[PDB]
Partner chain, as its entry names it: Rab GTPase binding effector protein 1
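Single chain ahead, written as C-alpha cells, the form solved without its partner chain.
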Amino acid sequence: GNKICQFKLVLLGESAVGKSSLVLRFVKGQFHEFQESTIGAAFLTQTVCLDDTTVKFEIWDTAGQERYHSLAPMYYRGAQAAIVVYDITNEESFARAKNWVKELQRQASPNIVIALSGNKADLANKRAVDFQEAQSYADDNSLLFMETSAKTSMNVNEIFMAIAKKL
C-alpha cells in the first residue's frame, strides 16, 4: 500500500524494568545486558509495514527513576499511545506501573491507547506477578497486555504492532 501513518508513543515505568531494552530491541534488533540507566529521556524512531500501511513510530523512552517523575508530562502530553512497563519478577514494579496507568488515564489525552508490558518474561523462574492477575487487571482497565522479553525478543515486535493496529 501507499498509505503512511505516524504516531507518538511513550514508554513509562519504574527504573530497570527494561524500557530502553524494549525500544532497542524493536528499533535496532539489539539487546544489551549492560544497558545504562537513562538520564531524562531518549528518542528513537522505527518504520514498519502494517497491512497496506507504512507506520512510523516516534518513541520517547523515559528515564524511570522517581527524580524524573516531574518531566513525564513533557513526554506523554501529546502521545497517541503509551507502553507502561513492569518487570514480572518484581511486584513493586507492577504496583508502580498501575500508578503510571492511573496518571495517564487522568492526565494524558483521553483517547490515548495504553499497553502494559510484563517484561523480563524470560526470567519466569523468578516470577513475582501472576500472568492471569495482570491480564485481569489489564482487561478491567482497557489496557493492551503482553508479557515480553527484550532479551529474547519475545512479543517485542508484537506489542508495538498491536498498538499500531489499534490507532
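Residue numbers count along the first chain shown, from 1.
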Item to check | Mean Cα B-factor comparison, 82-90 or 68-76, giving the higher one as deposited | outcome: 68-76
Checklist entry - Can you tell me which stretch has the higher mean Cα B-factor, 5-13 or 140-148? => result 5-13
Next on the checklist: Comparing recorded Cα B-factors across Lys120, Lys28, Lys102, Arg127, which one is largest?
Outcome noted: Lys28
Item to check | Among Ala63, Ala115, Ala134, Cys49 - the residue whose C-alpha B-factor is largest in the record | outcome: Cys49
Item to check | Third of the chain's Cα B-factor distribution that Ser20 belongs to, per the entry | outcome: lowest
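Here the subject shifts to the form solved in complex with its partner chain, a form of this protein not shown in this document.
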Next on the checklist: I'd like to know whether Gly40 contacts its partner chain in the deposited bound form, with contact meaning heavy atoms within 4.5 angstroms.
Outcome noted: yes
Next on the checklist: I'd like to check something about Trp60: if you look in the deposited bound form, is any of its heavy atoms closer than or equal to 4.5 Å to a heavy atom of its partner chain?
Outcome noted: yes
Item to check | Close approach of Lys102 to its partner chain in the deposited bound form, 4.5 Å, heavy atom | outcome: no
Next on the checklist: Is it the case that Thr53, even though its partner is missing from this view, gets within 4.5 Å of its partner chain in the deposited bound form, heavy atoms only?
Outcome noted: no
Checklist entry - With the partner removed from view, which of 131-139, 65-73, 117-125, 94-102 is the stretch that lies within 4.5 Å of its partner chain in the deposited bound form, judged by heavy atom distances? => result 65-73
